[PDB]
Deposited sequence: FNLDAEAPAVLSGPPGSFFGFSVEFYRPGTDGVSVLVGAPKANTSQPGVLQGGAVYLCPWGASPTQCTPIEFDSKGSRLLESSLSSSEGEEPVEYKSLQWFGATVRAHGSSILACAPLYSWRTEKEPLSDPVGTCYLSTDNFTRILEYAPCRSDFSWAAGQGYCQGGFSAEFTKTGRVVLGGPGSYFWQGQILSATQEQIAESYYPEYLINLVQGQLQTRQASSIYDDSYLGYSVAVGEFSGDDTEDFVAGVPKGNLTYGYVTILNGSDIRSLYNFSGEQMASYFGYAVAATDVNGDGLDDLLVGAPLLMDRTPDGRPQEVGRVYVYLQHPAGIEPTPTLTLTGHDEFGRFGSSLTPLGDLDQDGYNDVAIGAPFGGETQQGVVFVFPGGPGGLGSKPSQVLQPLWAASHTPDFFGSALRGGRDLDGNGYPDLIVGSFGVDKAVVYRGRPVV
């Protein structure tokens, strides 16, 4: 309720760049505190690359400049340099959606291009393996990490993995990636520490050779088309100090969808949670945060296509969020609480973020996006208060764009990032993307009492 909705800060990027598709906080210390904004359709100065995508660095102080993760165009197939008559590319950076995901931890920034594809150096393919770039030590070293750019090509292998479709850092800076296309879209979770990534980074060889990498295994074909890794988050659910992996599997189990929690030490499956309606996209978004002040991270899952019925009998797409409270002996498969959208086609639960403790009352709060909610379908963000009994069932605040609707959807609330203090007043702040109009909005917590 205490976010300053009367006058948020609006950042704008290049038109049609999808500036705002992903948003993040960056603080290599504090004096360089900044907002990061992904613009996956942005043009870049990379030669021969059309709409490679970009990530913008926006220092918070008194605006936005692209980060140069990769200044190079698409590399060439070495065997074609002169053996053949005509160079040809070995990879396809055009239209790769770099910055579809932007995450940061300390002085490291992970940015992914889930529509990056490559040819392989054997038979000519069009394999969208996805790739990420990792800035470390505040832009003094930049690594490519493409764990699905492997020996196992094509849809049957990891060729269509789209690694980095979703991504997250653990609290120790470990990289966790979702790739929904591995093994005929079974999907995959892959993870490595930054040290492990830097240790085998050798750009001369295109195939991933990271040692010590964690990844989920290929399963039988009955598990095809599940999209494990459509979304990912991290939290502690196993009783130790190594954060675990929460992954959406939205088409799993007959398209009912499920969400799985993987042991952060060995990526073994710990918990599953099942969706309630076919094709509701349960697992579209996931989050983990303690919403009732007992120190046990709780699970939140979005299912934005959830269809329910009005009392006068009319079906309507509204979306639903599910909350599962952890307890000392584990966590139950049935939700503690559900929250349901009220706007038809609003896609409530499309995005979720922990806010930290917005009002500093001792309980962490949560934001939920409904990118097509609101009276003009521009999108809406709901703040829900944590409390001793869990998440409250009524929002404590409702954020909407202050600009008018236009020819095309705003997608306000389709990207969220909270839980960090941008201006050092001790109250956590919230970033909301509205990529359909190439904006991101920063909301600041006002002090209370």
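- Against the full deposited sequence, the model leaves out just one stretch, namely 63 to 65.
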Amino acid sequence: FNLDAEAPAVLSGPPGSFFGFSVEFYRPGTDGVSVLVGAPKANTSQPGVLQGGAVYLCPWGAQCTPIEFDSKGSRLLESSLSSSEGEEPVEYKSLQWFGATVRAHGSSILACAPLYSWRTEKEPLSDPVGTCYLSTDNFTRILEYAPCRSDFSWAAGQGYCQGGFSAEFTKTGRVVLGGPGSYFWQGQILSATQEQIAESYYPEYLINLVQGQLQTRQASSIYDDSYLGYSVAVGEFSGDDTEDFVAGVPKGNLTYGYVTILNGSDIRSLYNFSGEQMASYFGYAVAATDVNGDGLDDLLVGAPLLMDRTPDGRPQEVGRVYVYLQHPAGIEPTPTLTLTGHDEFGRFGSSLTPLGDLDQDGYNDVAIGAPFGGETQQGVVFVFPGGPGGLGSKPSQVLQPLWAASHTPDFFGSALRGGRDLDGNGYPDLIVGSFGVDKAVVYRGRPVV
From here on, numbers count along this sequence of modelled residues.
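- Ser82, though modelled here, lacks coordinates in at least a third of the other entries of this protein that were compared and that model residues flanking it.
- According to the PDB record, 43 to 51 carries the higher mean C-alpha B-factor of the two stretches 412 to 420 and 43 to 51.
- Comparing the deposited coordinates for 297 to 305 and 266 to 274, the stretch with the larger average C-alpha B-factor is 266 to 274.
- In this entry, the residue among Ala288, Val259, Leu76, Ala192 with the greatest C-alpha B factor is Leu76.
- Between the residues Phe348, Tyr116, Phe139, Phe282, it is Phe139 that shows the highest Cα B-factor in the PDB record.
- Among all modelled residues in its chain, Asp244 ranks in the middle third by Cα B-factor.
- Ranked within its chain, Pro333 lands in the highest third, by CA B factor from the PDB record.
- In the PDB entry, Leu134 places in the middle third of its chain by CA B-factor.
- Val90: CA B factor lies in the highest third for its chain, per the PDB record.
- Ranked by Cα temperature factor within the chain, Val176 sits in the middle third according to the deposited record.
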